[PDB]
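S.K.: This one's experimental. Sequence and coordinates below.
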Amino acid sequence: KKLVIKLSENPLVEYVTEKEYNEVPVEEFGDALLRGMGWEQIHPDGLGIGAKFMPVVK
Amino acid sequence: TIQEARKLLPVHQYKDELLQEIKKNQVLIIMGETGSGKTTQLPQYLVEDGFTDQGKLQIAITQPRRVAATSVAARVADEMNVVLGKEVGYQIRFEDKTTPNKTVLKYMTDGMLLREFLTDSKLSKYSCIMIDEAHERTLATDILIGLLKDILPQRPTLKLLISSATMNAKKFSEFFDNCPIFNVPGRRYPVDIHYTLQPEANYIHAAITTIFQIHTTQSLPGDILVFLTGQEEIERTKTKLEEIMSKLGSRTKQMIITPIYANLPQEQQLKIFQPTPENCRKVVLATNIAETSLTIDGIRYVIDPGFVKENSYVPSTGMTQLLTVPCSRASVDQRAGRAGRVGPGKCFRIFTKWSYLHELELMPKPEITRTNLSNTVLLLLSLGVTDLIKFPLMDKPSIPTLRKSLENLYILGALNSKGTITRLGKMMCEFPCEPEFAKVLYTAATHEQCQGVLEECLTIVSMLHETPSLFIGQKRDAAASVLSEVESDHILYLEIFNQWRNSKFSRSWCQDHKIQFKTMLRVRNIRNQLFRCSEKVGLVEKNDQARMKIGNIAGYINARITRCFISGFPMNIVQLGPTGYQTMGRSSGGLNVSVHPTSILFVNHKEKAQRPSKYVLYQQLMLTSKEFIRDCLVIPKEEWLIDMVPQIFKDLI
């Protein structure tokens, strides 16, 4: 609900756990990471700019 | 000669005035136009003056494009009277044509000096760093001026130079604490700008007709330049200007067509540099202004339809679709100014004068506002940049763009739940590719359901870097010659490189199966780069052991590879809806995407009676008439989709 993820602002995680993705989900990670910083057309391609082959007379 | 036509460039009058000022200032901004003698002659004065200190220190020149890095480095290697690479080198993503103990001046790109911060934080090899084309505002340039700002108090011996236009150069001065702006003007000759009378029904048919009425009804000497959007528009134009030239015969005048785009042979790149013969008219086709710059510079005509193809950020997913947009009013005026270098040129504009004034943006937006930023944030967190808002770069990204690049590095498992950079995140920095290509190579060597197929995933990833240049003709004719029944576009690229390897990398193999041999030598070079980087990480040994445990059979290998690309590209999964293929995600509903007819999955619907697949994994999205999936991948089972990335597809499926 109201969570703050702090960063390493100055030995490893080999694998992320499926338990770890159920505690802090993907959508919660987008909001709570920024809390450490304090955040809280179609061009058919055949037309031109304005829009709405042999040049030999034979 | 070449030693006397360099004196007529506008920087030689400003030679000693500018060398005295770089000795005084730390950061200096050189203001002018594109290719006014600077970035070709001005790095040559710094070497001869002695800023390198007898080859101990180097000079890095930062071009924005891949094409502009190699061509300008080859042009200076002519002027320096060195071979290339020995004393004047360059550095592409996958090409490093330098020697370490002799290279004094080197012309790299914006992404490859930004990558240089990993192995050396203070950039101790370099005495002068010049950023070129800073007014283009590419993402790897906008970050690289922010990171160089942070290391200015710690190294006073570095000297920084910024080349930009005469409009953005004050904002770079405000950024570097009232930086002095030096001005190098060019010889501005008047260009007579023409507009059409109506909105044009086609900008290619109007651009081919425009070249003919300049060629027939105008006299020599004047060379034509045409700005086209992509390489598929250039080669469609070069062949069609070769067909209509053949019906004319020897009646009109000589026409040398000289295209400029990436991945080009050396016999076409030497046609860039050498001057035209008399009674000859060179027609140059290109995309950006900085590659059209020449030292002799005989061109006097410019045709512009005013379009740039650029990577627009997708609002539904985290990625960047490739989209074609009208370019900006400041960018059109850079194109019209190309004709007025030596004499009074002319500029033909396909758009009318009304749409020039009332339908174009007055100044181009920066790239950093609408991008992925997944490779960006992981790069900054590896350098110690903890706070992403307070990082002092000049135009800052929006928060919905920035929170999506954080939660996409969490699905990949490159960021910890506590926000630290994990060992996989320290691994994605090592590979010279996108961090989602580094997840596929990690899954193929380490995953409990997917290990064994790194050797097949170093192949397909190397084939996806050079997709549009692989084949001659159509692909539906070349695919039936290598393997009669493929279903997905990734396994077809695995089959092409293996059969080419089984024929001992034969030139005669590629011509039989309708495949360009010059492309496959670059794919073989990308693979040698991605395999050498997997040795230092240790994914080679983790897959040699995982192959001795289980010797896999070919019925399972195409299912291992499909799973290895789900875990690397989980947002690019498209579900067959009632209307059509539709983008599947929790953010937005969908985009109603169709399949590009160049892909092999479109062929299996028309040529074959097979039912459409339920899940399709793409590598690239693009919008011309509607949204088109390229580089397909067939996922026939929902169980492969949840069991690889369950953090997305548990609620969706």
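M.R.: Perfect, I can see it now. Residues are numbered from 1 along each chain as shown, chains lettered A, B, ... in the order given.

S.K.: for residue B:199, what are its contacts?
M.R.: A:48-52, B:351-352, B:355 (C-beta atoms under 8 Å, 6 or more residues apart in numbering or on different chains). Where you see a C-beta, it was placed from the backbone N, CA and C, and this is true even at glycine.

S.K.: Counting neighbours, which bits of the strand or helix carrying residue B:43 end up buried?
M.R.: In the assignment (DSSP states H and E), residue B:43 maps to helix B:42-49. Of all the residues in helix B:42-49, those buried under the rule 16 or more other C-beta atoms under 10 Å in any protein chain shown are B:42-47.

S.K.: Can you say which of the contacts of residue B:199 are buried?
M.R.: By 16+ other C-beta under 10 Å, the contacts of residue B:199 give A:48-50, B:351-352, B:355 as buried.

S.K.: Looking at those residues, which one is closest to residue B:140?
M.R.: Nearest to residue B:140 among the buried ones among the contacts of residue B:199: residue A:49, at 29.0 Å, using C-beta to C-beta.

S.K.: in terms of contact, does that closest one touch residue B:351 like I think?
M.R.: Yes - Residue A:49 lies in contact with residue B:351 (C-beta atoms under 8 Å); the separation is 3.7 Å.

S.K.: before we move on, the earlier item: hmm, who's touching the helix holding residue B:43?
M.R.: B:11, B:15, B:18-19, B:22, B:30, B:52, B:59, B:61, B:76, B:79-80, B:104-105, B:128, B:130, B:161.

S.K.: So how do I select the buried members of these in ChimeraX?
M.R.: Here is the ChimeraX command that picks out the buried ones among the contacts of helix B:42-49, judged by 16+ other C-beta under 10 Å:
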select /B:11,18,22,30,52,59,61,76,79,80,104,105,128,130,161
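
S.K.: tell me how far the helix holding residue B:43 is from the chain's mean position?
M.R.: Centroid displacement of helix B:42-49 relative to its chain, using C-alpha atoms, centre = their mean, to the nearest Å, is 29 Å.

S.K.: And for stretch B:137-147?
M.R.: 15 Å.

S.K.: what residues does it touch?
M.R.: Residues from elsewhere that reach stretch B:137-147 (C-beta under 8 Å, 6+ apart): B:62, B:64, B:109-111, B:113-114, B:117, B:131, B:133-134, B:162, B:168, B:172, B:175, B:364-368, B:371, B:376, B:379-380, B:383, B:391-395.

S.K.: all helices of chain A, in order?
M.R.: A:20-23, A:26-34 (DSSP state H).

S.K.: so which of those helices comes closest to residue B:454?
M.R.: Using C-beta to C-beta, the helices of chain A put helix A:20-23 closest to residue B:454, at 25.1 Å.

S.K.: Pull out the buried residues from that closest one.
M.R.: The neighbour-count check on helix A:20-23 (16+ other C-beta under 10 Å) flags A:20-21 as buried.

S.K.: Dump the helices of chain A to a markdown table, plus distance to chain B.
M.R.: Shown next, in a markdown table, are the helices of chain A (distance: least, C-beta to the nearest C-beta, whole Å):
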| stretch | distance to chain B |
| --- | --- |
| helix A:20-23 | 4 |
| helix A:26-34 | 4 |
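
S.K.: and these as TSV, adding distance to residue B:491?
M.R.: Shown next, in TSV, are the helices of chain A (distance: least, C-beta to C-beta, whole Å):
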stretch	distance to residue B:491
helix A:20-23	30
helix A:26-34	30
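
S.K.: ok, back up a step: out of the contacts of residue B:199, which two sit at the greatest distance?
M.R.: The most distant members of the contacts of residue B:199, if one measures by C-beta to C-beta, are A:52 and B:351, lying 13.6 Å apart.

S.K.: wait, what's in contact with residue B:293?
M.R.: Counting by C-beta under 8 Å, 6+ apart, residue B:293 has contacts B:34-35, B:40, B:72.

S.K.: now residue B:15
M.R.: Residues counted as contacts of residue B:15 (C-beta under 8 Å, 6+ apart) are residue B:45.

S.K.: Can you tell me the centre-most residue of chain A?
M.R.: residue A:30 (9.6 Å; C-alpha atoms, centre = their mean).

S.K.: In its sheet, which strands sit next to the following helix or strand past the helix holding residue B:43, and in what direction?
M.R.: Next helix or strand after helix B:42-49 toward the C-terminus (DSSP H and E): strand B:58-62. The strands beside strand B:58-62 in its sheet (DSSP bridges) come out as strand B:105-108 (parallel), strand B:126-131 (parallel).

S.K.: Touching strand B:58-62 from outside, list them.
M.R.: B:39, B:43, B:46-47, B:51-52, B:103-110, B:113, B:125-132, B:141, B:144.

S.K.: Can you name the residues that contact residue B:313?
M.R.: Residues in contact with residue B:313 (C-beta under 8 Å, 6+ apart) are B:319-321, B:370-372, B:401.

S.K.: let me fix that: residue B:121
M.R.: By C-beta under 8 Å, 6+ apart, the neighbours of residue B:121 are B:151, B:383.

S.K.: again, only this time at 10 Å
M.R.: B:147, B:150-151, B:154, B:383-384 (C-beta atoms under 10 Å, 6 or more residues apart in numbering or on different chains).

S.K.: so, if you compare these, which one comes nearest to residue B:456?
M.R.: Distances from residue B:456 to those, taken by C-beta to C-beta, are shortest for residue B:383, at 33.4 Å.

S.K.: With the flanking residues excluded, which residue is spatially nearest to the closest one?
M.R.: Leaving aside its sequence neighbours, residue B:383 sits nearest to residue B:117 (C-beta to C-beta, 6 or more residues apart in numbering or on different chains; 5.6 Å).

S.K.: what's the spacing between the one you found and chain A?
M.R.: Distance, residue B:117 to chain A, using C-beta to the nearest C-beta, to the nearest Å: 17 Å.

S.K.: measure that residue to residue B:154 for me?
M.R.: According to C-beta to C-beta, to the nearest Å, residue B:117 and residue B:154 sit 13 Å apart.

S.K.: if we can go back for a sec, got TSV for the buried ones among the contacts of residue B:199, with distance to residue B:483 too?
M.R.: TSV is the format used below for the buried ones among the contacts of residue B:199 (distance: C-beta to C-beta, whole Å):
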residue	distance to residue B:483
A:48	42
A:49	44
A:50	47
B:351	46
B:352	51
B:355	49
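
S.K.: I'd like to know which of the residues you listed is nearest to residue B:310.
M.R.: residue A:49 (15.7 Å).

S.K.: dump the residue contacts of the closest one.
M.R.: Residues near residue A:49 by C-beta under 10 Å, 6+ apart: A:43, B:196, B:199-200, B:203, B:305-307, B:326-327, B:332, B:349-352, B:354-356, B:359-360.

S.K.: Likewise for residue B:319?
M.R.: Taking C-beta under 10 Å, 6+ apart as the test, what residue B:319 contacts is B:311, B:313, B:371-372, B:374, B:404, B:408, B:436, B:569, B:571-572, B:618-621.

S.K.: need the helices for the stretch 1-150 of chain B, in chain order.
M.R.: Counting by DSSP state H, counting those that start in this stretch, the stretch 1-150 of chain B has helices at residues B:15-22, B:42-49, B:66-80, B:110-114, B:139-142, B:144-150.

S.K.: Buried ones in stretch B:93-104, by neighbour count?
M.R.: Residues B:93-98, B:103-104 are the ones in stretch B:93-104 that count as buried (16+ other C-beta under 10 Å).

S.K.: then it to CSV, C-alphas only?
M.R.: Taking C-alpha atoms only, stretch B:93-104 is exported to CSV below (Å, rounded to 0.1, in the frame of the first residue of the first chain):
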residue,chain,number,x,y,z
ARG,B,93,29.0,-2.0,-31.9
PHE,B,94,30.4,-5.2,-33.4
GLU,B,95,33.5,-3.8,-35.3
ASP,B,96,36.6,-2.6,-33.6
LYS,B,97,39.1,-1.6,-36.4
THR,B,98,41.8,-0.1,-34.1
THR,B,99,45.1,-1.3,-32.9
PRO,B,100,45.7,-0.6,-29.2
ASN,B,101,49.2,0.8,-29.2
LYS,B,102,49.1,3.0,-32.3
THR,B,103,45.6,4.4,-32.7
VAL,B,104,45.7,8.2,-31.9
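
S.K.: Cheers, nothing more for now.
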